[PDB]
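Report on the following structure.
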Amino acid sequence: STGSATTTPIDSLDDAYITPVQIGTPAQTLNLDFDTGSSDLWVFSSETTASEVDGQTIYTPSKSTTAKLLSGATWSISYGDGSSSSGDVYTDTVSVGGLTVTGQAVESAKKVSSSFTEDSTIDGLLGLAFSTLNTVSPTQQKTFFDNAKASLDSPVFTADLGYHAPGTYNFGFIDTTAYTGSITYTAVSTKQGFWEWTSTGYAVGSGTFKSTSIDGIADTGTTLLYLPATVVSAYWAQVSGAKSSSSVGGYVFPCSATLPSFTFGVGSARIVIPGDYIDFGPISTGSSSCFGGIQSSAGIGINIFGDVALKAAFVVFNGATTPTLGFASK
Ligand SMILES: CN[C@H]1CC[C@H](C(F)(F)F)CC1
């Protein structure tokens with residue numbers, strides 16, 4: 001089997017991407033944030049505290065003839081941005097882009113934090129990291145990809161995120177029309193439950209490439225590119241007036257600037273992030289200070305190749321017995 005679904009930016013900045021997901025019988029379609037940095041499929045639901053729902057589409061398990069309470073199971077998750085959610089668990093039929101999994105754990109939110117209430121565009125998360133991170137207790141549950149894997153034509157999914165435009169998540173096949181040149185594959189460590197890999201280095205604009213190992217995670221559920229402070233300082237030094245602002249919480253730059261590109265290494269290959277991809281717009285409405293798309297990972301404890309990086313590539317998440325990542329230009 002295969003599946004193919006379009007992913008759409010939630011706003012004009014690409015702060016996140018939503019992908020429609022069918023849950024239950026008859027189908028209830030929710031728009032979920034596909035997140036290669038976590039391993040829970042959770043949804044706004046009929047169980048979510050009413051004051052914490054503001055415009056999201058909810059899953060109602062009582063209206064699904066295939067929904068079953070997973071007796072005794074609870075879940076509770078915290079993300080890197082300090083957001084959180086928790087609740088109980090159903091199994092149900094879940095389809096993405098024509099690919100169907102029966103008996104998928106669908107984590108129903110009883111509580112969500114303020115950032116999830118305040119974002120009407122995201123109806124929940126679909127985790128695509130390794131199932132060792134899944135938070136369901138007392139019986140840990142598998143991701144949608146882990147449940148689908150054996151049925152797929154090839155044990156892979158791909159992320160093809162757009163810049164200010166829709167893109168695609170494919171399951172079970174590699175669309176050879178979706179990228180240029182060749183796909184370079186690189187080793188993955190699953191020891192932290194992430195798609196963790198080591199970039200071979202970077203360049204800033206037309207500058208020389210610096211060969212240096214940068215260990216980090218491929219994380220579709222993080223907006224920005226988080227790298228070591230040395231690398232980030234080197235990038236923003238090329239932008240007149242850019243500075244790290246303690247009050248804003250990262251690098252800002254004059255909105256009048258033209259940003260340089262940023263290149264990262266994948267083995268001997270290179271992925272170029274155009275400068276425009278690094279502009280996250282005014283820090284507040286009408287400001288001439290703009291928020292940078294490359295930020296320091298200092299204090300986070302890991303480097304994160306988030307959407308700013310991934311949207312410059314066609315990315316293969318190879319779930320073979322020994323997982324690997326692939327990157328192509330596009
Ligand atoms: C912006 N609201 C949420 C969206 C999901 C994010 C992640 F994917 F990481 F789970 C966290 C913040």
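All heavy atoms count here, side chains included; hydrogens, waters and symmetry mates do not. For reference, positions follow the sequence shown, starting with 1. As the structure lists them, so they are numbered: ligands from 1, and atoms in each ligand from 1.
Taking every heavy atom of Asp35 and a limit of under 4.0 angstrom, the matching atoms of ligand 1 come to 7 (C), 8 (F), 9 (F), 10 (F).
Atom 1 (C) of ligand 1 has its closest protein heavy atom at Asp119 OD2, 4.3 Å. In terms of protein heavy-atom proximity, atom 2 (N) of ligand 1 is nearest to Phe116 CE2, 3.9 Å. Looking only at heavy atoms of the protein, atom 4 (C) of ligand 1 is closest to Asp33 OD2, 3.3 Å. Of the protein's non-hydrogen atoms, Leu125 CD2, 2.5 Å is the one closest to atom 10 (F) of ligand 1. Summary of contacts: the protein heavy atom closest to atom 11 (C) of ligand 1 is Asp81 OD2, 3.1 Å. Looking only at heavy atoms of the protein, atom 9 (F) of ligand 1 is closest to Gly221 O, 3.0 Å.
Using modelled atom types, one finds no donor on one side chain facing an acceptor on the other under 3.5 Å when comparing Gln141 with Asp40. No side-chain N or O of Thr60 forms a donor-acceptor pair with one of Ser62 less than 3.5 Å apart. Using modelled atom types and a 3.5 Å distance limit, the side chains of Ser4 and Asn170 yield a donor-acceptor pair. Between the side chains of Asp92 and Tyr59, a donor-acceptor pair is found at a separation under 3.5 Å.
Residues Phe171 and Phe144 bring their aromatic ring centres within 6.0 Å.
Residue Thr93 holds its OG1 atom at 10.5 Å from CD1 of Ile23, rounded to the nearest 0.5 Å.
The shell of residues lying under 4.0 angstrom from ligand 1, judged by heavy atoms, includes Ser83.
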